[PDB]
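One structure below.
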Amino acid sequence: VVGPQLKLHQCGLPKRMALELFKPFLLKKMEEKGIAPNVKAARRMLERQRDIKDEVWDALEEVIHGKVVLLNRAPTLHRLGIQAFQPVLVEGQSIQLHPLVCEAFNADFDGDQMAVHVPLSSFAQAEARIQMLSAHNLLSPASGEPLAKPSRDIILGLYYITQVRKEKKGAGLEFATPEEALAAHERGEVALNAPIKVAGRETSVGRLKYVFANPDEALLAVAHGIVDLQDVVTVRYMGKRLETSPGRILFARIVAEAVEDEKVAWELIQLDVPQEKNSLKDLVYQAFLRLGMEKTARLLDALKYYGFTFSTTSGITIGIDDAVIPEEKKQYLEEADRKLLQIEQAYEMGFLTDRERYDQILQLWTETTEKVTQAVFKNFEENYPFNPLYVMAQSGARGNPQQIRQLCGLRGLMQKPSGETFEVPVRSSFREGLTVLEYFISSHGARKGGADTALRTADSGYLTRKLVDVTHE
Amino acid sequence: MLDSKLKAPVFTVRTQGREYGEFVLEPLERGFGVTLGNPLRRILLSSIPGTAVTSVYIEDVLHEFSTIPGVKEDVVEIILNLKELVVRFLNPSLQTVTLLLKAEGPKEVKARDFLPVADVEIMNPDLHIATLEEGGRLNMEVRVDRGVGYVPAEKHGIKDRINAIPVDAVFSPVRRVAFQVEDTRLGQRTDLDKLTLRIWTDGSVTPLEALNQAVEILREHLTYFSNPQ
Amino acid sequence: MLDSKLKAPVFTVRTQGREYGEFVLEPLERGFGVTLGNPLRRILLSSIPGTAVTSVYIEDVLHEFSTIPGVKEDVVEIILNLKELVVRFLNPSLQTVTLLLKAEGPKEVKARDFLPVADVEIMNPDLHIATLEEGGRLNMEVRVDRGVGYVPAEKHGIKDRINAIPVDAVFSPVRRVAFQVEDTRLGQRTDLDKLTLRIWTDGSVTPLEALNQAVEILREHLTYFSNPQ
Amino acid sequence: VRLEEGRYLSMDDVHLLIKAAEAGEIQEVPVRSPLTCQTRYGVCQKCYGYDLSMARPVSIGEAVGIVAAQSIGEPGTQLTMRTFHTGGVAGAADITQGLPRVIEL
Amino acid sequence: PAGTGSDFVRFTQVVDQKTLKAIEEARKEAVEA
Amino acid sequence: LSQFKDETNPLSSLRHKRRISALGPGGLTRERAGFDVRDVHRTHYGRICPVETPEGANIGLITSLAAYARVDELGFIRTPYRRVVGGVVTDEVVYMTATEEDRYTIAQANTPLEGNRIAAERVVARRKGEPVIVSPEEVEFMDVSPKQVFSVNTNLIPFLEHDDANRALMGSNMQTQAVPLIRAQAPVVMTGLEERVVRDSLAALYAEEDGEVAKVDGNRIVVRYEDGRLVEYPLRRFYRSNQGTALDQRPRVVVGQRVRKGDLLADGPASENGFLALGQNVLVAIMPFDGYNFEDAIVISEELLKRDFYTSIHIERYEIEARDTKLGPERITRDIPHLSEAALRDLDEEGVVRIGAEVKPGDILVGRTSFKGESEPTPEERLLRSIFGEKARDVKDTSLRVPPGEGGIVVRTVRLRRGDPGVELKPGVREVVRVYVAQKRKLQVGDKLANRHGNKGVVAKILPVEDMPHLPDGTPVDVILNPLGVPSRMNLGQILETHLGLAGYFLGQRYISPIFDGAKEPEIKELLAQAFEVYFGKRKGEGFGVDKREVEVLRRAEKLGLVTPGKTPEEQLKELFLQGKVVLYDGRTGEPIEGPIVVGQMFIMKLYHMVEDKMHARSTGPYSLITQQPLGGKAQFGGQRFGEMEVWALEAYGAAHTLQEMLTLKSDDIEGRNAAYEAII
Amino acid sequence: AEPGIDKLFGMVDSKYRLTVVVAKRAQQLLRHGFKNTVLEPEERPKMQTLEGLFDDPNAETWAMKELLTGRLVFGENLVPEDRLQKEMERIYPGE
Ligand SMILES: [Mg+2]
Ligand SMILES: [Mg+2]
Ligand SMILES: [Mg+2]
Ligand SMILES: [Mg+2]
Ligand SMILES: [Mg+2]
Ligand SMILES: [Mg+2]
Ligand SMILES: [Mg+2]
Ligand SMILES: [Mg+2]
Ligand SMILES: [Mg+2]
Ligand SMILES: [Mg+2]
Ligand SMILES: [Mg+2]
Ligand SMILES: [Mg+2]
Ligand SMILES: [Mg+2]
Ligand SMILES: [Mg+2]
Ligand SMILES: [Mg+2]
Ligand SMILES: [Mg+2]
Ligand SMILES: [Mg+2]
Ligand SMILES: [Mg+2]
Ligand SMILES: [Mg+2]
Ligand SMILES: [Mg+2]
Ligand SMILES: [Mg+2]
Ligand SMILES: [Mg+2]
Ligand SMILES: [Mg+2]
Ligand SMILES: [Mg+2]
Ligand SMILES: [Mg+2]
Ligand SMILES: [Mg+2]
Ligand SMILES: [Mg+2]
Ligand SMILES: [Mg+2]
Ligand SMILES: [Mg+2]
Ligand SMILES: [Mg+2]
Ligand SMILES: [Mg+2]
Ligand SMILES: [Mg+2]
Ligand SMILES: [Mg+2]
Ligand SMILES: [Mg+2]
Ligand SMILES: [Mg+2]
Ligand SMILES: [Mg+2]
Ligand SMILES: [Mg+2]
Ligand SMILES: [Mg+2]
Ligand SMILES: [Mg+2]
Ligand SMILES: [Mg+2]
Ligand SMILES: [Mg+2]
Ligand SMILES: [Mg+2]
Ligand SMILES: [Mg+2]
Ligand SMILES: [Mg+2]
Ligand SMILES: [Mg+2]
Ligand SMILES: [Mg+2]
Ligand SMILES: [Mg+2]
Ligand SMILES: [Mg+2]
Ligand SMILES: [Mg+2]
Ligand SMILES: [Mg+2]
Ligand SMILES: [Mg+2]
Ligand SMILES: [Mg+2]
Ligand SMILES: [Mg+2]
Ligand SMILES: [Mg+2]
Ligand SMILES: [Mg+2]
Ligand SMILES: [Mg+2]
Ligand SMILES: [Mg+2]
Ligand SMILES: [Mg+2]
Ligand SMILES: [Mg+2]
Ligand SMILES: [Mg+2]
Ligand SMILES: [Mg+2]
Ligand SMILES: [Mg+2]
Ligand SMILES: [Mg+2]
Ligand SMILES: [Mg+2]
Ligand SMILES: [Mg+2]
Ligand SMILES: [Mg+2]
Ligand SMILES: [Mg+2]
Ligand SMILES: [Mg+2]
Ligand SMILES: [Mg+2]
Ligand SMILES: [Mg+2]
Ligand SMILES: [Mg+2]
Ligand SMILES: [Mg+2]
Ligand SMILES: [Mg+2]
Ligand SMILES: [Mg+2]
Ligand SMILES: [Mg+2]
Ligand SMILES: [Mg+2]
Ligand SMILES: [Mg+2]
Ligand SMILES: [Mg+2]
Ligand SMILES: [Mg+2]
Ligand SMILES: [Mg+2]
Ligand SMILES: [Mg+2]
Ligand SMILES: [Mg+2]
Ligand SMILES: [Mg+2]
Ligand SMILES: [Mg+2]
Ligand SMILES: [Mg+2]
Ligand SMILES: [Mg+2]
Ligand SMILES: [Mg+2]
Ligand SMILES: [Mg+2]
Ligand SMILES: [Mg+2]
Ligand SMILES: [Mg+2]
Ligand SMILES: [Mg+2]
Ligand SMILES: [Mg+2]
Ligand SMILES: [Mg+2]
Ligand SMILES: [Mg+2]
Ligand SMILES: [Mg+2]
Ligand SMILES: [Mg+2]
Ligand SMILES: [Mg+2]
Ligand SMILES: [Mg+2]
Ligand SMILES: [Mg+2]
Ligand SMILES: [Mg+2]
Ligand SMILES: [Mg+2]
Ligand SMILES: [Mg+2]
Ligand SMILES: [Mg+2]
Ligand SMILES: [Mg+2]
Ligand SMILES: [Mg+2]
Ligand SMILES: [Mg+2]
Ligand SMILES: [Mg+2]
Ligand SMILES: [Mg+2]
Ligand SMILES: [Mg+2]
Ligand SMILES: [Mg+2]
Ligand SMILES: [Mg+2]
Ligand SMILES: [Mg+2]
Ligand SMILES: [Mg+2]
Ligand SMILES: [Mg+2]
Ligand SMILES: [Mg+2]
Ligand SMILES: [Mg+2]
Ligand SMILES: [Mg+2]
Ligand SMILES: [Mg+2]
Ligand SMILES: [Mg+2]
Ligand SMILES: [Mg+2]
Ligand SMILES: [Mg+2]
Ligand SMILES: [Mg+2]
Ligand SMILES: [Mg+2]
Ligand SMILES: [Mg+2]
Ligand SMILES: [Mg+2]
Ligand SMILES: [Mg+2]
Ligand SMILES: [Mg+2]
Ligand SMILES: [Mg+2]
Ligand SMILES: [Mg+2]
Ligand SMILES: [Mg+2]
Ligand SMILES: [Zn+2]
């Protein structure tokens with residue numbers, strides 16, 4: 001079970017389990033204390049649940065101090081499939097794992113059960129927490145790329161905060177040159193025309209109305225409800241009159257704070273865009289090479305934190321009115337629709353071969369499909385920059401282009417059992433009723449996909465086996 | 001006392017400079033650290049009455065967006081540095097004080113250049129306001145008031161001199177509040193809130209002070225639930 | 001007083017019975033209604049002491065998973081309805097009170113069937129407990145205590161009679177808190193918070209009471225900001 | 001710049017070179033590697049490279065053998081699996097994709 | 001034979017400046033008569 | 001071909017009863033083939049649910065047939081189809097063979113119909129396997145209803161139409177793992193089969209012919225039919241289901257009640273009112289918390305536990321035998337040779353454990369005395385006994401103890417000693433002792449819950465009602481679901497359910513939305529409109545308007561694009577409510593959550609706990625006879641398996657010694673583990 | 001993370017060598033008595049039930065706290081294998 005506050009360094013394990021596991025080490029510690037006279041004593045003392053004085057918990061909790069344990073996942077695919085952490089005894093049945101390493105082990109929380117072993121020899125423990133601990137193995141053995149990076153939620157958070165909005169651009173506000181363009185367009189904003197974030201090259205009135213001297217100054221106004229974190233404002237940082245959003249300004253600090261080397265915090269961060277999974281990933285890599293290993297660790301949780309926090313306030317959820325359908329759908333549909341009729345007339349005559357007809361039809365759809373896809377995003381990118389669903393996808397957060405397509409636009413070509421994709425596409429989106437047959441049609445390719453995973457889930461080491469039999473030495 | 005009451009909050013303190021001030025206090029029952037840190041924060045950012053520039057008037061300047069010869073700095077950047085200035089009166093009698101300043105020739109007009117005013121002190125002497133060159137005239141009057149929270153220059157719109165210009169009001173001596181509620185273990189039960197808030201202050205007042213004032217404003221407010229009707 | 005202080009919160013009240021209790025109080029400075037209603041709500045849902053069933057003993061029943069002849073309801077469905085019952089003692093001398101009840105023959109044993117006990121009152125008279133038919137014997141003793149918060153029957157494990165059975169303790173006499181902060185127009189400026197919280201209570205205590213207690217818990221807590229370290 | 005012989009190219013370096021090739025100064029890159037080690041049942045430092053779990057150079061005594069076989073085993077699960085010696089005898093099915101090919105390879 | 005089991009590191013000893021003098025003293029004693 | 005009846009609850013049972021498999025004899029399909037079989041073939045229409053198959057190695061091989069599916073005279077899954085002669089459709093139906101179906105041009109149920117007449121020129125229909133836009137003149141046959149396309153177990157999903165066929169599987173399978181809650185409750189929005197289910201399955205007890213009730217016992221309901229007869233209807237109190245879930249029949253009929261022929265007299269284990277009920281309707285906020293509902297985690301309002309909501313009664317069955325050893329018969333006595341009377345208490349009845357006794361892990365459930373050594377005494381132990389008391393029952397204590405993990409309150413026991421009435425006591429077995437234990441399982445961190453749309457998450461944090469999300473009006477939310485678990489999976493159905501639910505809450509009503517022929521967005525938007533009057537109307541009448549926060553969120557709302565700028569806060573919120581979202585206040589601070597957040601009534605279930613959930617943990621224990629690797633059994637947990645994949649994992653690291661220990665001290669090295677233990681001690 | 005892990009890694013020619021030193025250090029830091037440390041007086045290892053870690057909680061957490069300082073000496077062949085254990089027992093009591 002996810003352990004939000006937990007630190008990379010550690011992991012939460014049930015004291016109950018701890019008792020059993022570290023029983024021997026516990027027994028002797030008991031003798032060490034007044035808890036028990038001897039071993040055999042300490043043992044019987046623990047033979048029954050109800051017969052344990054609370055002093056023993058303080059005994060286990062003391063033995064464990066310092067030492068660390070190992071955790072395993074269902075398929076142990078790479079070395080990180082096992083990591084070391086310092087236990088933090090906890091009540092309950094469930095084990096509390098850190099979310100960042102939830103990437104290394106392919107683990108969700110729909111019930112996946114992990115295992116745990118104990119390194120005994122002072123030596124085993126030595127190697128275990130030195131070269132096998134979790135916070136010391138950040139980078140992946142596959143790609144130099146970071147393995148422990150802001151995963152799903154954290155991003156979403158860190159993203160929402162660092163972003164800029166834009167609104168209605170009625171009057172031609174290109175203030176960039178006139179002084180009457182400052183006065184009039186500043187009043188018009190106060191009016192109901194020019195917004196706080198309008199297309200006005202040099203500066204939208206939003207930047208005109210507010211000028212913050214010191215950093216802190218910026219955030220206070222926000223706090224007081226004068227400025228949203230995502231709005232465009234001007235601030236005076238170290239020798240620069242930078243025109244960036246509050247949110248961005250803040251982000252700069254979170255990092256500038258995770259590592260007190262502030263200037264070094266600005267050199268490796270790009271506050272000129274919304275924080276994406278890549279942006280962050282990069283941030284992490286830079287932080288590593290540049291500063292230091294353990295320091296990088298700090299910044300990691302630091303991000304993990306604010307990410308989560310901001311996420312909850314951001315108030316992004318998923319209602320039906322979020323999966324917006326583009327108006328061009330019906331168009332792109334009908335257009336390609338009649339064109340389908342053309343292909344038909346062209347066949348009814350005897351021009352195209354039975355096969356030509358087919359391949360030509362699928363073609364059309366394959367195109368039309370890819371068409372709506374870019375259409376729906378264009379809708380979001382243009383009208384709803386902050387649509388729930390869309391934000392999760394663009395940001396490293398969650399959501400695949402194809403997936404989205406299935407919701408707003410439409411899932412179009414499912415293949416038959418064999419492979420020969422159907423001639424007819426699936427006109428509907430998940431937003432509306434994916435009809436009976438349409439559904440059944442989809443069900444076909446569903447099985448083959450599952451039939452593919454099953455035949456693989458069987459033996460996971462097959463490939464890796466061959467490779468270890470010829471590479472271990 | 002020895003059990004429940006002696007287990008009273010261990011209000012510990014850490015304050016370096018009249019600016020930063022950490023405050024720790026534990027143990028606390030389930031979710032109280034939050035119930036405390038939050039309101040106090042709200043107070044520390046709005047209630048703590050303070051002082052700051054609310055209006056400015058320049059010699060020959062009429063508009064906020066103008067430039068003064070011999071003066072590198074621009075009206076907007078100067079009215080900005082003013083927001084940085086921190087003053088301090090000593091008694092209710094001072095609601096609104098107008099500090100005067102007039103400097104000419106090659107000089108770096110700092111805040112210490114303002115003509116002294118009896119019941120007023122300037123915690124920001126060396127603050128940079130402008131760099132004057134040859135033939136640089138600079139005669140101004142900057143209003144100062146005692147208020148609470150943030151007030152956009154648009155909201156008040158002060159009117160001393162018709163050509164004067166309003167500045168955003170930053171009275172709150174507090175720069176920023178920050179409270180954390182990390183778990184702590186005392187014996188039998190582990191679920192224990194451990195509140196610890198960090199306070200920043202411009203200098204006028206001190207963290208400790210601010211906190212004290214804050215908690216009082218609350219206390220006092222809790223009393224208004226006295227006479228029903 | 002006449003101005004600022006006389007403009008003190010007009011704590012008005014409107015309460016029916018001992019359950020519902022509205023509370024209004026205005027004017028209030030910028031965003032204070034929130035700063036107040038919230039903590040109070042947190043307190044009213046956790047801190048406030050109450051009363052509820054903590055142990056039960058049935059005539060010939062040895063464990064909670066049994067069934068009593070002539071009694072439709074099962075032991076578990078009955079110990080459940082008991083959690084619903086709300087009592088109210090009037091002074092500290094009553095820490096733990098054991099209400100007795102014994103009914104037979106075709107009857108709908110309600111809470112009003114418990115033998116009266118001096119300093120104890122039952123806000124839940126008509127509360128249904130069971131439907132006895134012919135030859136339906138039902139003699140029981142249900143313990144009742146004064147506590148705070150939620151206590152799993154597993155946590156306390158009361159021991160009146162060896163065959164008795166522990167029930168989950170739900171103490172918070174408050175059923176639900178709610179507070180609104182609607183703007184209030186008063187001559188001068190408009191931005192004025194008008195806090196008004198609605199409290200529900202099982203009957204044991206009363207809205208007004210609860211509120212009083214709440215605010216105190218806070219005050220007392222604020223006192224913990226006394227000795228630095 | 002003069003990328004001294006034997007130096008370990010940082011990603012930053014792999015970035016400089018790509019930029020150079022963009023300008024038009026290099027097309028190939030002379031570099032040590034496992035496909036040419038002398039150490040029989042071994043592979044020395046310089047021929048391996050950087051990437052330990054860390055980013056510094058490989059530290060001696062690491063089980064590259066396994067570390068390799070693993071990094072290639074995990075991704076394997078994402079590839080397609082129609083038939084090992086891929087394709088079906090009919091008309092003209094030319095290549096082979098997904099894992100089936102990696103086997104063939 | 002790969003991890004800590006590397007003949008490169010398998011043999012490695014640790015010392016204290018205190019014990020360092022102690023063993024040289026063991027050698028100093030080697031001087032007969 | 002045969003196994004344990006999956007009766008985790010009625011459904012599980014019913015579905016298992018109607019399940020098909022390929023695996024079998026040997027002259028009929030084995031494990032080498034399947035890629036063409038495991039595929040949902042075309043003819044698998046109204047004959048086999050396309051999604052009902054398991055999830056994993058066994059796919060397509062085992063599948064449960066569609067609802068209307070019926071095996072005629074010889075194993076040919078047929079399906080109903082109504083005859084439509086000319087542009088005329090008939091209420092007549094023909095159960096067509098899979099083969100004959102090819103022969104005709106059938107159309108779908110979702111075709112505008114004026115009764116007998118078709119309503120559109122160009123109308124869908126499906127020839128043998130293919131979709132074809134046909135003419136009303138060619139439509140010979142038609143599909144009876146959506147429901148015939150899928151199984152019974154699938155047809156219970158609300159808006160299946162809006163759920164990816166892949167995740168709907170998780171849903172259908174999830175229900176089979178539904179544990180009956182003491183607090184049954186039918187979903188706020190049903191599909192329309194719940195009644196028929198409990199009924200066709202034998203969940204609740206129905207009335208034969210009209211009459212009046214005579215007696216209403218917590219054990220029996222003797223009714224009086226108006227035919228001059230009266231019969232006693234026992235009610236299986238708390239019987240043991242194969243899987244451990246309770247099965248009681250709680251009467252819902254009062255004393256002396258004229259009953260309507262075929263009307264519930266008692267409900268099923270999990271039947272609210274003759275309606276199926278396998279989870280509990282529960283208000284839900286659907287946002288992200290402080291990482292607590294991370295990738296698939298879920299946060300629970302302690303309040304849900306205050307009410308015995310997700311609590312489930314479980315009955316385990318322990319058993320021990322008195323074996324006949326050549327060293328001396330194992331005696332079943334209240335004599336536990338070595339240490340305390342305190343531990344003997346509950347063992348009251350000389351041997352057996354007393355009824356109504358709370359047995360915690362470790363306690364004695366039944367005493368047993370076998371004989372010490374293999375054939376000879378012990379010279380070492382001989383001196384010891386003599387020392388303090390030579391004379392001693394030189395016997396071993398092999399008594400049935402409460403396995404680690406947990407134990408509840410005994411509720412029944414069975415003893416089969418000599419002079420067996422008519423039982424089959426195995427050879428050597430002198431006598432067996434069974435002891436049934438029951439425990440009230442309350443919702444706790446680590447437990448897993450899942451809606452019918454496939455959202456399967458585990459409880460990660462129980463929060464105090466004190467500070468979790470609360471609506472303007474006091475009422476706090478029960479559960480908080482992270483949103484990032486919904487775009488990826490493609491099941492909007494749950495969102496569509498949450499919304500309708502929001503209405504049903506303030507509208508105090510439950511709805512029924514059929515599979516493909518159910519509720520529609522505008523209709524939902526409508527009921528919500530009705531709801532806003534209940535929710536906000538009273539708010540206007542009770543005496544107050546809008547908060548400062550309420551207006552605050554409204555700004556950031558219009559700037560978002562949800563509320564038409566300009567219009568009034570009251571009007572704005574209505575629009576914003578109609579959208580399925582509302583303003584929530586962070587119960588921790590009192591501030592609002594910038595941005596309207598949807599909330600609603602979502603049906604959620606609790607998943608059964610397999611024996612694996614019993615947090616295993618072995619320190620030291622037995623060891624197999626032949627190979628010398630650890631082994632568990634009755635009490636001591638088995639050692640965890642350390643396989644090659646993991647070996648490598650270690651190999652990868654420089655974890656040399658660590659790997660050796662796993663191969664020596666911890667498992668195989670006899671002299672090792674021994675020396676190891678002591679060394680540690 | 002753990003104290004100056006980097007600093008440590010830098011003091012060694014090989015990653016894996018470091019782990020051997022601390023291990024062996026922690027070994028003898030117990031065996032030959034725990035008062036075999038090179039750092040103790042003022043600010044050294046400590047725990048919180050009381051400041052009791054001054055005696056024997058984590059062995060290697062000491063080895064590292066020491067090795068991070070410039071007092072210890074590690075080599076491939078620094079001191080003759082057998083004569084080491086002999087001299088250490090002579091000077092360090094605690095048994
Ligand atoms: Mg005892
Ligand atoms: Mg403890
Ligand atoms: Mg330690
Ligand atoms: Mg991940
Ligand atoms: Mg993994
Ligand atoms: Mg995962
Ligand atoms: Mg999952
Ligand atoms: Mg999973
Ligand atoms: Mg292992
Ligand atoms: Mg880590
Ligand atoms: Mg998340
Ligand atoms: Mg414009
Ligand atoms: Mg223009
Ligand atoms: Mg110009
Ligand atoms: Mg103008
Ligand atoms: Mg206008
Ligand atoms: Mg207007
Ligand atoms: Mg723009
Ligand atoms: Mg403003
Ligand atoms: Mg702007
Ligand atoms: Mg800077
Ligand atoms: Mg900070
Ligand atoms: Mg520093
Ligand atoms: Mg620092
Ligand atoms: Mg710096
Ligand atoms: Mg910057
Ligand atoms: Mg919309
Ligand atoms: Mg939305
Ligand atoms: Mg179309
Ligand atoms: Mg084309
Ligand atoms: Mg668009
Ligand atoms: Mg456009
Ligand atoms: Mg546009
Ligand atoms: Mg696409
Ligand atoms: Mg297929
Ligand atoms: Mg079609
Ligand atoms: Mg269609
Ligand atoms: Mg559609
Ligand atoms: Mg459609
Ligand atoms: Mg649609
Ligand atoms: Mg549909
Ligand atoms: Mg194989
Ligand atoms: Mg707490
Ligand atoms: Mg101007
Ligand atoms: Mg200018
Ligand atoms: Mg100038
Ligand atoms: Mg300036
Ligand atoms: Mg004053
Ligand atoms: Mg004055
Ligand atoms: Mg003033
Ligand atoms: Mg802290
Ligand atoms: Mg304790
Ligand atoms: Mg602090
Ligand atoms: Mg001070
Ligand atoms: Mg101080
Ligand atoms: Mg009144
Ligand atoms: Mg109660
Ligand atoms: Mg009696
Ligand atoms: Mg019953
Ligand atoms: Mg008394
Ligand atoms: Mg008294
Ligand atoms: Mg009567
Ligand atoms: Mg009565
Ligand atoms: Mg009363
Ligand atoms: Mg009766
Ligand atoms: Mg008793
Ligand atoms: Mg209520
Ligand atoms: Mg006013
Ligand atoms: Mg206002
Ligand atoms: Mg009540
Ligand atoms: Mg009062
Ligand atoms: Mg101190
Ligand atoms: Mg280089
Ligand atoms: Mg070129
Ligand atoms: Mg080479
Ligand atoms: Mg070699
Ligand atoms: Mg694979
Ligand atoms: Mg992939
Ligand atoms: Mg190594
Ligand atoms: Mg000598
Ligand atoms: Mg000498
Ligand atoms: Mg010599
Ligand atoms: Mg000599
Ligand atoms: Mg089963
Ligand atoms: Mg055969
Ligand atoms: Mg076959
Ligand atoms: Mg297959
Ligand atoms: Mg079918
Ligand atoms: Mg038949
Ligand atoms: Mg048949
Ligand atoms: Mg017709
Ligand atoms: Mg017709
Ligand atoms: Mg007919
Ligand atoms: Mg076909
Ligand atoms: Mg025709
Ligand atoms: Mg699918
Ligand atoms: Mg039926
Ligand atoms: Mg009977
Ligand atoms: Mg009925
Ligand atoms: Mg029910
Ligand atoms: Mg029911
Ligand atoms: Mg969360
Ligand atoms: Mg128990
Ligand atoms: Mg023998
Ligand atoms: Mg006999
Ligand atoms: Mg038996
Ligand atoms: Mg979940
Ligand atoms: Mg909803
Ligand atoms: Mg419909
Ligand atoms: Mg429908
Ligand atoms: Mg309609
Ligand atoms: Mg709407
Ligand atoms: Mg709340
Ligand atoms: Mg809100
Ligand atoms: Mg054994
Ligand atoms: Mg065993
Ligand atoms: Mg096991
Ligand atoms: Mg030994
Ligand atoms: Mg350390
Ligand atoms: Mg050095
Ligand atoms: Mg020493
Ligand atoms: Mg000292
Ligand atoms: Mg102590
Ligand atoms: Mg002590
Ligand atoms: Mg000390
Ligand atoms: Mg050294
Ligand atoms: Mg030195
Ligand atoms: Mg030598
Ligand atoms: Mg020696
Ligand atoms: Mg010597
Ligand atoms: Zn080489």
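Ordered as shown in the structure tokens, chains take letters A, B, and onward, while each chain numbers its residues from 1 and ligands are numbered from 1 in the order shown.
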
Run DSSP on the backbone and give me the residues of stretch 38-101 of chain D it puts in helix (DSSP H, G or I), as a count of residues only.
21

inquiry  = Around ligand 101, which protein and nucleic acid residues have at least one atom no more than 7 Å from it, if we count only C-alpha atoms and all ligand atoms? List them as a ChimeraX atom specification.
reply    = /F:183-185,267,270-273

Taking only C-alpha atoms into account, which residues of chain F are within 6 Å of chain C, as a PDB file with C-alpha atoms, in the first residue's frame?
```pdb
ATOM      1  CA  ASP F 217     -39.122 -16.380  14.424  1.00  0.00           C
ATOM      2  CA  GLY F 218     -35.521 -15.382  14.011  1.00  0.00           C
ATOM      3  CA  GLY F 356     -18.623 -18.457  22.869  1.00  0.00           C
ATOM      4  CA  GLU F 466     -12.482  15.502  11.118  1.00  0.00           C
ATOM      5  CA  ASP F 473     -23.602  21.622   3.911  1.00  0.00           C
ATOM      6  CA  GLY F 474     -21.847  19.667   6.650  1.00  0.00           C
ATOM      7  CA  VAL F 546     -23.367  31.847  -1.228  1.00  0.00           C
ATOM      8  CA  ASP F 547     -20.014  31.740   0.578  1.00  0.00           C
ATOM      9  CA  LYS F 548     -16.916  33.834  -0.145  1.00  0.00           C
ATOM     10  CA  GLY F 590     -11.761  25.313   5.585  1.00  0.00           C
TER      11      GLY F 590
END
```

Quiz item: chain B residues within 12 Å of chain G, counting only C-alpha atoms: which ones, as number ranges by chain?
Solution: B: 185-187

Could you write out that same residue set with C-alpha atoms as a PDB file, in the first residue's frame?
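Contents of again04.pdb, freshly written:
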```
ATOM      1  CA  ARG B 185       5.735   8.770  18.452  1.00  0.00           C
ATOM      2  CA  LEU B 186       5.104   8.987  22.238  1.00  0.00           C
ATOM      3  CA  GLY B 187       4.674   5.537  23.760  1.00  0.00           C
TER       4      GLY B 187
END
```

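Using only C-alpha atoms and all ligand atoms, we find that the residues with an atom at most 9 Å from any atom of ligand 126 are residues 15, 16 and 17 of chain E; 11, 66, 67, 68, 69, 70, 71, 72, 73 and 74 of chain G.
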
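For ligand 93, the protein and nucleic acid residues at most 8 Å away, judged by only C-alpha atoms and all ligand atoms, amount to residues 83, 84, 85, 88, 89, 90, 91 and 92 of chain F.
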
Could you list the residues in chain C lying within 6 Å of chain B, using only C-alpha atoms, and format the result as a list in words?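 Result: residues 9, 11, 12, 13, 35, 39, 224, 228 and 229 of chain C.
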
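For chain D, the residues having at least one atom no farther than 12 Å from chain E, when counting only C-alpha atoms, are residues 41, 42, 59, 60, 61, 62, 63, 64, 65, 66 and 67 of chain D.
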
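Considering only C-alpha atoms and all ligand atoms, the residues that reside within 6 Å of ligand 16 can be listed as residues 188, 191 and 192 of chain A.
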
Go ahead and write the selection's residues with N, CA and C atoms as a compact mmCIF listing (two decimals), in the first residue's frame.
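Ended up saving to part.txt:
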```
# COMPACT_ATOMS: atom_id res chain seq x y z
N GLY A 188 -9.85 49.07 -20.24
CA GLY A 188 -10.67 48.09 -20.93
C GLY A 188 -10.64 46.76 -20.21
N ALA A 191 -12.58 47.06 -17.52
CA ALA A 191 -13.88 46.98 -18.16
C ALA A 191 -14.19 45.50 -18.36
N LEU A 192 -14.90 45.14 -19.43
CA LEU A 192 -15.20 43.72 -19.65
C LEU A 192 -14.61 43.20 -20.96
```
